[PDB]
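Q: show me the folded form of this:
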Amino acid sequence: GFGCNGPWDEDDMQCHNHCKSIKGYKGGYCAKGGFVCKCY
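A: Numbers count the residues shown, from 1 in each chain. And now the structure:
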C-alpha cells in the first residue's frame, strides 16, 4: 500500500511522503516483498 505495489511497482516517494505525514516517522520506503510501505 501507499505506493508499494510489488517489486515492479514501488512508488517509494509516495511511501516516504506518507510516512513523514505520520508525524515523528523519519521516512519510509517499499519493503518486505514490495507491497509494504515501511516507515521508520
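Q: helix or strand: which one has residue 14?
A: With secondary structure defined by DSSP states H and E, residue 14 is part of helix 12-21.
Q: give the buried residues for that helix.
A: Neighbour counts over helix 12-21 (16 or more other C-beta atoms under 10 Å) mark 14-16, 18-19 as buried. Using the backbone N, CA and C atoms, a C-beta is placed for each residue, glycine as well.
Q: that one packs against which elements?
A: For helix 12-21, the helices and strands in contact under the criterion 3 or more C-beta pairs under 8 Å, 6 or more residues apart in numbering; DSSP states H and E are strand 28-31, strand 36-39.
Q: and the contacts of that helix?
A: The contact list for helix 12-21 (C-beta atoms under 8 Å, 6 or more residues apart in numbering) reads 2-4, 25-30, 37-40.
Q: rewinding a little: TSV for the buried residues of helix 12-21, including distance to residue 8?
A: Written out in TSV, the entries for the buried residues of helix 12-21 read as follows (distance: C-beta to C-beta, whole Å):
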residue	distance to residue 8
14	15
15	15
16	19
18	20
19	21
